[PDB]
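Working notes, beginning with the structure itself.
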Amino acid sequence: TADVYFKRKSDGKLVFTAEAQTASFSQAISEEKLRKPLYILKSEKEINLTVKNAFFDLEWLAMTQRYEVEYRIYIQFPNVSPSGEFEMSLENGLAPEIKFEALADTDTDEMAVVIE
Amino acid sequence: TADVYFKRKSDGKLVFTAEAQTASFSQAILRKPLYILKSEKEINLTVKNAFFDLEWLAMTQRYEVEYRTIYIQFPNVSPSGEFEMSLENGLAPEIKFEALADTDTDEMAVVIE
Amino acid sequence: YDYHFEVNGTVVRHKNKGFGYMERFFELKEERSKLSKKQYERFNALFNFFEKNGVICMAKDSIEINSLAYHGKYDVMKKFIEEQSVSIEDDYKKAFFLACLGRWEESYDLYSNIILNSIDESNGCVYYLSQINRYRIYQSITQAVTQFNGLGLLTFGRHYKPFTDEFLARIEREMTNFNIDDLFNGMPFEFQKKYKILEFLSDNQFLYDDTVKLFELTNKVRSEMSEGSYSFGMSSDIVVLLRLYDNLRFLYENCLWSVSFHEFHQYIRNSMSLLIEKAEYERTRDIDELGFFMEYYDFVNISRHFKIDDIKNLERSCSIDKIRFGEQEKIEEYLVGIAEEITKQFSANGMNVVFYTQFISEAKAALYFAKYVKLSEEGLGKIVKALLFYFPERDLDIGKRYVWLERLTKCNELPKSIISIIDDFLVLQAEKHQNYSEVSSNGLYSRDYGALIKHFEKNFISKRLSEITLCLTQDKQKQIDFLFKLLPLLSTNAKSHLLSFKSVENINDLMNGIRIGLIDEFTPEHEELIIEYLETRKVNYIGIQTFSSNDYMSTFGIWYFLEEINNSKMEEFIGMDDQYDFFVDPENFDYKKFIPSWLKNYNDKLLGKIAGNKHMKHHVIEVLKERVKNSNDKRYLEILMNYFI
Amino acid sequence: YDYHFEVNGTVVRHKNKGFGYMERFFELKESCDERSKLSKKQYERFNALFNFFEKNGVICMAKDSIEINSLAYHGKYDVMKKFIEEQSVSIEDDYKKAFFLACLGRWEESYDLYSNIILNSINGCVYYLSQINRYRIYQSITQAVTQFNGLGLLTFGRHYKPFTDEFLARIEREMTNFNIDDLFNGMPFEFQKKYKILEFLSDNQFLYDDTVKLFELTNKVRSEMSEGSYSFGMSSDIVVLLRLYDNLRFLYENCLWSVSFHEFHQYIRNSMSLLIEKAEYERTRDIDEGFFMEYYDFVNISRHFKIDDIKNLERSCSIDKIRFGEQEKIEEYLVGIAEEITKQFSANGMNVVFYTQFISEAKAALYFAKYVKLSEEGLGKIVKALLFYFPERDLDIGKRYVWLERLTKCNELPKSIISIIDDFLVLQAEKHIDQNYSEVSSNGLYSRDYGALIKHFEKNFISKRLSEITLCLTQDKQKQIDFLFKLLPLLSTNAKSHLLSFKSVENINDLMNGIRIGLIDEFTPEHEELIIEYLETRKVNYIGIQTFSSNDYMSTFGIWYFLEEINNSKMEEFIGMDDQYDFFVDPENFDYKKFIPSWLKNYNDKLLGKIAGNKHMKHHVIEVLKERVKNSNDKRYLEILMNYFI
């Protein structure tokens with residue numbers, strides 16, 4: 001029952017807050033054939049995260065009319081892309097669940113930082 | 001999609017006939033001397049659309065199975081009597097039976113081609 | 001729909017637009033003195049109702065089922081039925097108990113009389129629930145009558161007719177054209193306004209919502225397991241458990257007969273076995289860079305709502321012995337109660353058929369699941385005595401009953417009292433042997449009981465069997481060759497007396513002698529007997545084929561492979577069946593006929609000898625690799641890792 | 001309930017106590033000598049009865065392929081628009097047109113058309129279905145409005161408001177007090193009597209019965225799979241498929257909008273992915289003493305499967321060994337999806353309401369296209385749609401590369417597709433002039449991966465435009481410089497030298513990029529100095545909390561040391577900073593209790609072989625692999641175990 005804080009990457013503004021529900025890090029090796037030389041240690045690290053009850057900041061909502069995630073140990077995803085996949089249900093819809101995937105800039109080459 | 005005939009062991013009367021629906025043959029392995037190849041084999045068969053013969057019914061008011069497709073013969077089939085009631089009324093009766101093996105014969109099922 | 005109540009016990013404002021009464025109510029529960037006296041009393045009642053039903057607090061910030069039917073207190077229920085019911089409320093659970101002990105005619109009459117007496121009902125809830133339960137009892141009676149006229153003839157042999165034709169005709173007349181779906185609509189509108197939560201009980205398929213929610217939760221849990229994700233809040237598994245317990249408690253505490261139907265049984269079986277599978281996955285879950293234990297209630301649910309085949313599937317999928325079993329004293333008491341009931345009913349004139357059909361499926365499951373629970377010597381002895389002597393043989397044959405007994409012995413070693421009980425069982429079986437045959441669906445006859453006795457004692461000599469053998473005469477061959485399979489249990493004098501009439505005439509006698517240890521090396525006579533049997537088998541083999549499950553030929557091939565047979569005449573029979581050429585001439589077997597399932601029958605010695613051949617090891621290694629990569633048996637992988645056969 | 005009709009199409013006498021009318025009807029149908037003795041009016045009615053029974057199914061009595069015809073199911077988004085344009089002859093033509101309007105977003109127009117159809121419906125079943133569909137359209141409109149208000153700002157970055165506030169207020173006023181459950185009861189008695197089969201559509205949860213039946217069949221199928229039993233008659237898998245097709249054809253053919261909701265998507269995803277699991281288990285059947293995907297299966301998987309669902313299905317069962325029939329139709333469907341995406345995003349944005357509904361299916365179809373063989377023209381169209389016009393928010397650089405490389409599997413990269421990759425890289429380089437701009441991928445794959453794919457499939461490809469840009473490159477634009485650095489193999493020799501003029505190995509990331517492209521083949525003393533200096537910096541920064549990131553550089557250095565690529569013995573000073581570095585540097589004293597089995601996944605043939613042949617750390621890894629293979633069903637740990645026996 002830990003909380004995820006969404007921040008706008010540029011500034012300290014809070015995009016929204018939610019509770020971390022499911023976090024999947026299915027980071028393994030990719031195809032071998034398609035990619036004597038010095039080892040590079042290729043990888044296909046992926047980090048998905050889901051938040052159960054996310055309420056968007058009122059000031060951010062008013063202003064709206066790159067993102068960072070802080071999962072509280074403390075984990076931080078400097079860059080996260082929220083996947084906006086909307087599906088409707090016959091049962092009138094009420095839990096707004098937000099799914100986002102961690103991204104990795106080429107220069108930094110790091111996706112998530114977990115620190116005590 | 002073959003047919004199954006359930007017959008009385010002694011008299012040979014056909015208790016009923018139905019349509020074979022499922023068959024599970026799962027034989028697997030505390031239990032220096034000569035190897036005896038001890039095994040614990042089980043054969044279960046679930047039957048569909050079983051209607052009891054009028055003659056045997058009126059008489060009733062050991063068994064054999066003959067499942068003919070290529071040609072299968074199960075001697076000493078014990079009919080399991082698990083009865084459950086659905087709150088939804090009922091739809092055909094499903095019969096399940098387990099192949100039995102006599103100590104002397106040691107044979108549970110026979111395959112005829 | 002103003003609020004949303006969740007299984008955890010927290011309310012969330014979902015549709016309430018006006019003032020939030022629950023938001024203020026929870027804080028008001030957490031300065032209450034300013035409320036009126038009547039208002040204070042009503043709040044006390046509301047707090048008791050909410051805390052008893054599990055609605056604790058708001059969103060921002062185990063189970064105990066009290067019922068004699070759930071716990072199988074089949075004698076306390078009888079005592080309660082015997083007592084004069086003071087009130088209609090006490091006569092509702094009394095009719096439920098009457099139904100729970102068979103007695104469906106009495107239960108139907110009692111429900112009808114409750115409906116008759118419920119005219120002056122203050123609320124009419126008892127009348128509605130009695131209508132539901134009477135419809136359910138009529139359904140059960142109809143299905144039981146149909147089974148008795150059908151399967152009830154093959155099973156039990158005879159015709160039972162538990163319900164008189166007059167009663168059946170009367171109930172059919174009363175229940176004619178009774179649409180249960182309309183029952184809630186055909187009620188006083190005050191009842192419909194107040195008791196809207198009971199509407200779902202009316203429809204003939206009222207578990208569809210629960211089944212659909214469990215399907216969604218199962219899909220979510222399986223997706224989590226496949227992806228390997230980690231759930232943080234209340235996992236879908238915990239939600240499944242909470243809803244399962246809520247449904248069980250609501251249906252049992254309110255004395256609703258729909259708790260005994262196949263729909264609810266399957267719902268509970270799927271709600272469980274999804275908690276168990278998820279727990280097993282959690283146990284065998286690899287760590288990355290960045291528990292569940294079964295209580296008494298879980299044991300009761302698995303025993304009641306699981307068929308033996310369902311428990312077998314659960315065992316196959318996940319290892320249940322690695323799941324720690326709690327409340328083992330209560331589990332042992334439950335098992336002892338089941339055994340006591342079975343022994344009491346079948347030891348004294350038998351058990352009424354209507355109750356037997358309901359109770360045997362749960363007794364078998366309880367004694368099957370008793371493998372993982374540790375039982376005391378007294379309780380274990382009671383369970384064993386009930387299982388062997390008094391458990392009906394139409395359900396547990398000799399082979400399957402031995403499997404039950406050995407599973408019980410797994411966790412708790414066989415004590416002296418249990419060995420005495422097994423000795424009594426074997427003596428009774430011997431005295432049964434008349435033109436009587438011991439047919440077993442499992443292939444594990446009474447000799448396996450003696451084998452278990454010897455394995456757990458290695459010096460046990462049964463007095464009564466020895467005395468019987470001393471009294472054996474050549475005339476009764478059935479008892480002679482029954483005790484021949486029990487030779488290790490007999491005394492030395494009994495052994496000598498029995499061996500007088502015991503001759504190795506056919507290959508079956510040789511097999512029994514090898515099993516009992518009388519034969520340790522093949523004499524030329526045994527070799528000649530085996531070769532002559534092979535002669536006859538080949539002669540009769542030579543335009544339709546016949547495949548049998550005797551497996552004698554496989555045993556001969558194994559004997560040749562292990563060198564226990566050193567006569568080079570068996571090669572003349574090569575080609576009659578497979579698994580014999582595999583051991584006779586492994587190089588020339590043409591393994592395209594090889595069956596991977598064979599390797600499971602072999603033991604450590606045979607499989608090690610097969611692996612060390614080095615002239616047939618590579619084909620079998622390929623077969624094992626294919627099976628391990630394709631199937632999820634995990635026994636093929638165990639074989640491969642143990643010796644890379 | 002007088003009779004029992006099941007999926008295969010054979011009637012069964014269930015509760016008929018009087019004369020058997022259905023048996024006699026089938027007898028008269030099969031033997032048509034009698035059909036003349038019938039009264040002429042009765043024979044004319046029997047003709048229509050036979051037509052209706054044969055169109056739906058009901059082929060004969062119990063004792064004795066699916067084709068769904070609808071522009072909505074086939075995704076004929078261009079035929080549907082033309083059909084909407086044409087003037088409607090009849091009321092049913094308006095009802096189908098309103099369903100099509102709802103399909104192509106345009107929920108305002110669909111709601112208005114449904115209201116008009118309700119007004120003008122004075123059979124009586126068209127009014128019922130229009131009421132249901134208008135309720136569904138209102139539900140979808142409300143949910144989409146809520147999503148755009150809350151989620152839309154985050155996902156798209158800008159508030160959209162597809163529906164005017166006046167329209168939303170009007171629909172809220174209209175649809176209030178409209179209880180869906182009572183929609184059928186408040187019907188003419190004749191309609192209720194005749195159309196009892198439509199009753200299930202009235203309730204707000206009409207898939208509960210179908211979902212429960214699918215759950216029961218799934219449990220049965222799983223029981224057979226675990227036990228290994230053999231089913232002889234109509235297997236539960238066939239029943240599940242038949243009921244899935246019945247529901248799909250009934251909802252789509254009758255133009256019911258409930259076919260677009262999450263409940264039906266999940267029902268279809270569970271109905272499928274259970275046929276697929278059972279089919280995959282069928283190939284692994286244990287011999288003791290097939291199922292293939294057609295066009296309809298491909299369309300169902302594309303529509304009702306999320307990308308994560310397809311990934312899970314791939315994980316559980318090897319879905320590349322399943323025969324994919326009707327590949328011409330599948331390729332036509334994929335080309336239609338690609339053309340629709342190109343038409344949308346090539347000119348003037350897109351329809352946001354239609355976008356939210358169609359992008360999931362587009363992504364699923366292009367992900368699932370890995371298993372189909374696509375012609376060069378169709379493959380080129382699909383690639384161009386995926387790379388140039390597919391929305392950036394949906395498919396990032398790494399995910400888009402994964403999609404393209406998956407497409408490359410069945411169909412090897414031709415020169416036509418290589419040209420599309422080349423101009424995609426040229427466009428990306430053009431985007432690399434703003435210093436703030438930087439391509440970020442959730443997967444961890446970038447444009448260098450596209451260049452590597454191009455080189456792998458040609459090995460002599462030279463990109464004229466990227467070489468031109470490199471020749472134009474100057475020290476001022478550093479971002480273009482280091483973008484072209486990772487693409488050096490694509491650059492020409494003159495371009496190579498011109499870029500290398502300003503290219504220097506300043507940091508460890510620069511050295512790693514140089515190794516990846518191929519500029520570095522053996523560590524010079526300067527590279528070793530840089531690596532050791534970075535290790536000093538990391539250790540100094542280490543020296544009361546500990547933070548572990550996902551850079552993975554330390555693991556790379558450890559692997560280099562283990563493989564003898566780096567031959568300077570100063571790395572042992574840093575041992576203990578992070579694992580997978582001690583494992584390769586000093587395996588003997590690693591205390592493998594901290595070993596992570598997942599590490600073995602990242603290694604390749606060379607590294608895995610070296611690890612296995614170490615023989616001073618092979619036993620611990622073999623134990624880790626054995627428990628991983630026993631406990632888990634991954635099937636990749638087993639492959640590692642048996643390919644090298646590590």
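Naming works like this for the structure tokens: A, B, ... for the chains as they're shown, residue 1 at the start of each chain, ligands 1 onward in shown order.
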Next on the checklist: Applying 6 Å and only C-alpha atoms, which residues near range 484-489 of chain C remain after dropping the ones on its own chain fewer than 6 positions away? List them as a ChimeraX atom specification.
Outcome noted: /C:447,461-462,512
Checklist entry - Per DSSP on the backbone, what are the strand (DSSP E or B) residues of range 345-558 of chain D, as a VMD selection string? => result chain D and resid 440 to 441 547 to 548
Item to check | Long-range neighbours of residue 65 in chain B as an MDAnalysis selection string, 6 Å cut-off, only C-alpha atoms, 6 positions minimum in chain | outcome: chainID B and resid 5:6 73:74
Should the cut-off be 6 Å, what would the residue list for chain A against chain D look like, counting only C-alpha atoms, as a PDB file with C-alpha atoms, in the first residue's frame?
ATOM      1  CA  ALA A  28      15.624 -10.070 -20.038  1.00  0.00           C
ATOM      2  CA  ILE A  29      17.647 -10.640 -23.199  1.00  0.00           C
ATOM      3  CA  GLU A  44      15.704  -5.307 -23.319  1.00  0.00           C
ATOM      4  CA  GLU A  46      11.318  -3.013 -19.457  1.00  0.00           C
ATOM      5  CA  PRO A  82       1.669   6.974 -19.393  1.00  0.00           C
ATOM      6  CA  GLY A  84      -3.462   6.036 -22.430  1.00  0.00           C
ATOM      7  CA  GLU A  87     -11.663   0.806 -22.584  1.00  0.00           C
ATOM      8  CA  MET A  88     -15.320   1.188 -21.621  1.00  0.00           C
ATOM      9  CA  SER A  89     -17.511  -1.271 -19.726  1.00  0.00           C
ATOM     10  CA  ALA A 102       9.634   3.657 -17.663  1.00  0.00           C
ATOM     11  CA  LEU A 103      11.800   5.117 -20.431  1.00  0.00           C
ATOM     12  CA  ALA A 104      15.584   5.312 -20.722  1.00  0.00           C
ATOM     13  CA  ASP A 105      17.432   8.224 -22.298  1.00  0.00           C
ATOM     14  CA  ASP A 109      20.978   4.657 -20.149  1.00  0.00           C
ATOM     15  CA  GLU A 110      19.217   4.095 -16.802  1.00  0.00           C
ATOM     16  CA  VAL A 113      16.791   4.096  -9.448  1.00  0.00           C
ATOM     17  CA  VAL A 114      15.904   2.295  -6.210  1.00  0.00           C
ATOM     18  CA  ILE A 115      17.630   3.652  -3.102  1.00  0.00           C
ATOM     19  CA  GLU A 116      17.154   2.907   0.598  1.00  0.00           C
TER      20      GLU A 116
END
Item to check | Residues of chain A within 6 Å of chain C, counting only C-alpha atoms, as a list in words | outcome: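 Residues satisfying the distance criterion: residues 1, 21, 22, 23 and 24 of chain A.
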Would you mind exporting N, CA and C atoms of the selected residues as a PDB file, in the first residue's frame?
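Wrote part.pdb, looks like this:
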ATOM      1  N   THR A   1       0.827  -1.201   0.000  1.00  0.00           N
ATOM      2  CA  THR A   1       0.000   0.000   0.000  1.00  0.00           C
ATOM      3  C   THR A   1       0.865   1.256   0.000  1.00  0.00           C
ATOM      4  N   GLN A  21      -0.079  -0.349  -7.508  1.00  0.00           N
ATOM      5  CA  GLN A  21      -0.864  -1.574  -7.449  1.00  0.00           C
ATOM      6  C   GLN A  21      -0.109  -2.761  -8.030  1.00  0.00           C
ATOM      7  N   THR A  22       0.358  -2.653  -9.271  1.00  0.00           N
ATOM      8  CA  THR A  22       1.123  -3.707  -9.919  1.00  0.00           C
ATOM      9  C   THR A  22       2.349  -3.093 -10.575  1.00  0.00           C
ATOM     10  N   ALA A  23       3.512  -3.691 -10.330  1.00  0.00           N
ATOM     11  CA  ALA A  23       4.765  -3.265 -10.938  1.00  0.00           C
ATOM     12  C   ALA A  23       5.465  -4.492 -11.499  1.00  0.00           C
ATOM     13  N   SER A  24       5.678  -4.506 -12.810  1.00  0.00           N
ATOM     14  CA  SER A  24       6.287  -5.636 -13.498  1.00  0.00           C
ATOM     15  C   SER A  24       7.578  -5.181 -14.164  1.00  0.00           C
TER      16      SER A  24
END
Just the residues within 10 Å of residue 32 in chain B, please, counting only C-alpha atoms, with nothing from its chain fewer than 2 positions along; format it as a PDB file with C-alpha atoms, in the first residue's frame.
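File written: selection-v2.pdb
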ATOM      1  CA  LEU B  34      13.947 -59.607  -8.846  1.00  0.00           C
ATOM      2  CA  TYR B  35      12.301 -56.737 -10.695  1.00  0.00           C
TER       3      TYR B  35
ATOM      4  CA  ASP C 520      15.517 -64.603  -5.316  1.00  0.00           C
ATOM      5  CA  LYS C 605      17.961 -49.367 -10.092  1.00  0.00           C
TER       6      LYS C 605
END
Next on the checklist: I need the contact residues of chain C against chain B, so if you could list those with any atom within 6 Å, counting only C-alpha atoms, and return them as a ChimeraX atom specification, that would help.
Outcome noted: /C:155,159,261-262,439-443,520,544-550,555,600-601
Checklist entry - Could you list, as number ranges by chain, every residue of chain D that has an atom within 6 Å of an atom of chain B, counting only C-alpha atoms? => result D: 229-233
Checklist entry - Could you pull the residues within 7 Å of range 100-115 of chain C, counting only C-alpha atoms, minus those fewer than 6 positions along the same chain, as a VMD selection string? => result chain C and resid 69 88 127 130 134 137 141 163 354 to 355
Item to check | Residues within 8 Å of range 363-374 of chain D, only C-alpha atoms, excluding chain neighbours under 4 positions, as a PyMOL selection string | outcome: chain D and resi 298-299+301-303+305-307+310+320+324+327+330-331+334+337+359+378-379+382+386+403+406-411
Item to check | Selected residue of minimal separation from residue 431 in chain C among C:409, C:313, C:219, C:479, counting only C-alpha atoms | outcome: C:479
Item to check | Which of range 6-105 of chain A fall in helix (DSSP H, G or I), as number ranges by chain | outcome: A: 58-64
Closest pair table for chain D residues within 8 Å of chain C, only C-alpha atoms, as a Markdown table:
| residue | atom | partner | partner_atom | distance |
| --- | --- | --- | --- | --- |
| D:208 | CA | C:212 | CA | 6.1 |
| D:209 | CA | C:208 | CA | 6.7 |
| D:211 | CA | C:212 | CA | 6.3 |
| D:212 | CA | C:212 | CA | 5.9 |
| D:215 | CA | C:215 | CA | 6.5 |
| D:223 | CA | C:313 | CA | 7.0 |
| D:226 | CA | C:313 | CA | 6.4 |
| D:227 | CA | C:313 | CA | 6.5 |
| D:284 | CA | C:630 | CA | 5.4 |
| D:285 | CA | C:631 | CA | 7.8 |
| D:286 | CA | C:597 | CA | 7.3 |
| D:287 | CA | C:595 | CA | 6.3 |
| D:288 | CA | C:595 | CA | 6.2 |
| D:289 | CA | C:595 | CA | 7.9 |
| D:309 | CA | C:223 | CA | 7.9 |
| D:312 | CA | C:226 | CA | 6.2 |
| D:315 | CA | C:226 | CA | 7.3 |
| D:316 | CA | C:226 | CA | 7.2 |
| D:548 | CA | C:290 | CA | 7.9 |
| D:596 | CA | C:288 | CA | 6.4 |
| D:597 | CA | C:286 | CA | 7.2 |
| D:598 | CA | C:288 | CA | 6.6 |
| D:626 | CA | C:641 | CA | 7.8 |
| D:628 | CA | C:286 | CA | 7.2 |
| D:630 | CA | C:634 | CA | 6.5 |
| D:631 | CA | C:284 | CA | 5.2 |
| D:632 | CA | C:284 | CA | 6.6 |
| D:633 | CA | C:632 | CA | 7.4 |
| D:635 | CA | C:629 | CA | 6.6 |
| D:638 | CA | C:629 | CA | 7.2 |
Limited to N, CA and C atoms, could you put the picked residues into a file as a CSV table (one decimal), in the first residue's frame?
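File produced: result.csv:
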chain,number,residue,atom,x,y,z
D,208,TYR,N,-22.9,-12.2,-18.5
D,208,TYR,CA,-22.7,-13.0,-17.4
D,208,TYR,C,-23.0,-14.5,-17.6
D,209,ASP,N,-24.0,-14.7,-18.4
D,209,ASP,CA,-24.4,-16.1,-18.7
D,209,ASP,C,-23.3,-16.7,-19.6
D,211,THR,N,-20.2,-15.6,-20.0
D,211,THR,CA,-19.0,-15.6,-19.3
D,211,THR,C,-18.9,-16.8,-18.4
D,212,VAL,N,-20.1,-17.2,-17.7
D,212,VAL,CA,-20.1,-18.3,-16.8
D,212,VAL,C,-20.0,-19.6,-17.6
D,215,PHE,N,-16.4,-19.9,-18.4
D,215,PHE,CA,-15.6,-20.3,-17.3
D,215,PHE,C,-15.8,-21.8,-17.0
D,223,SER,N,-9.0,-29.1,-16.8
D,223,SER,CA,-8.9,-30.4,-16.2
D,223,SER,C,-8.5,-31.5,-17.1
D,226,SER,N,-4.6,-31.0,-17.6
D,226,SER,CA,-3.8,-31.4,-16.5
D,226,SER,C,-3.8,-32.9,-16.4
D,227,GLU,N,-5.0,-33.5,-16.4
D,227,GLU,CA,-5.2,-35.0,-16.3
D,227,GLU,C,-4.6,-35.7,-17.5
D,284,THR,N,2.0,-31.0,-27.7
D,284,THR,CA,2.9,-31.6,-26.6
D,284,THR,C,2.2,-32.8,-26.0
D,285,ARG,N,1.2,-33.4,-26.6
D,285,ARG,CA,0.5,-34.6,-26.1
D,285,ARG,C,1.5,-35.7,-25.9
D,286,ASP,N,1.4,-36.3,-24.7
D,286,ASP,CA,2.2,-37.5,-24.4
D,286,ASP,C,1.7,-38.7,-25.0
D,287,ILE,N,2.4,-39.3,-26.0
D,287,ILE,CA,1.9,-40.5,-26.6
D,287,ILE,C,1.9,-41.7,-25.6
D,288,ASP,N,0.8,-42.4,-25.6
D,288,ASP,CA,0.7,-43.5,-24.7
D,288,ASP,C,0.0,-44.7,-25.4
D,289,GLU,N,-0.1,-45.8,-24.7
D,289,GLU,CA,-0.7,-47.0,-25.3
D,289,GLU,C,-2.2,-47.0,-25.2
D,309,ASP,N,-1.6,-8.9,-23.3
D,309,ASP,CA,-2.3,-10.2,-23.4
D,309,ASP,C,-1.6,-11.0,-24.5
D,312,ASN,N,1.6,-12.3,-23.1
D,312,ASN,CA,1.3,-13.5,-22.2
D,312,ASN,C,1.0,-14.7,-23.0
D,315,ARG,N,4.2,-16.0,-24.2
D,315,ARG,CA,4.9,-16.6,-23.1
D,315,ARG,C,4.5,-18.1,-22.9
D,316,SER,N,3.2,-18.2,-22.7
D,316,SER,CA,2.6,-19.5,-22.2
D,316,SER,C,2.8,-20.6,-23.3
D,548,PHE,N,21.0,1.6,-6.0
D,548,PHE,CA,21.4,0.8,-7.1
D,548,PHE,C,20.5,1.2,-8.3
D,596,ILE,N,21.6,-14.0,-8.8
D,596,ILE,CA,20.2,-13.8,-9.4
D,596,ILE,C,20.1,-14.7,-10.6
D,597,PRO,N,19.2,-15.7,-10.6
D,597,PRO,CA,19.1,-16.5,-11.8
D,597,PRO,C,18.8,-15.7,-13.1
D,598,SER,N,18.0,-14.6,-13.0
D,598,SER,CA,17.6,-13.8,-14.1
D,598,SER,C,18.9,-13.4,-14.9
D,626,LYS,N,19.1,-25.5,-12.2
D,626,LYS,CA,18.2,-26.7,-12.0
D,626,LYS,C,17.0,-26.3,-11.2
D,628,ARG,N,15.7,-23.3,-11.0
D,628,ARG,CA,14.9,-22.4,-11.8
D,628,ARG,C,14.0,-23.2,-12.8
D,630,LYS,N,13.1,-26.4,-12.5
D,630,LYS,CA,12.1,-27.2,-11.7
D,630,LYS,C,11.0,-26.4,-11.2
D,631,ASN,N,11.3,-25.2,-10.6
D,631,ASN,CA,10.2,-24.4,-10.0
D,631,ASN,C,9.4,-23.7,-11.0
D,632,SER,N,10.0,-23.1,-12.1
D,632,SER,CA,9.3,-22.3,-13.0
D,632,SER,C,8.9,-23.0,-14.3
D,633,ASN,N,8.0,-22.4,-15.1
D,633,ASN,CA,7.6,-22.9,-16.4
D,633,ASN,C,8.1,-22.0,-17.5
D,635,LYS,N,10.8,-22.2,-19.4
D,635,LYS,CA,11.3,-23.0,-20.5
D,635,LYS,C,12.5,-22.4,-21.2
D,638,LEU,N,15.5,-23.9,-18.9
D,638,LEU,CA,15.8,-25.2,-19.4
D,638,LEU,C,16.6,-25.2,-20.6
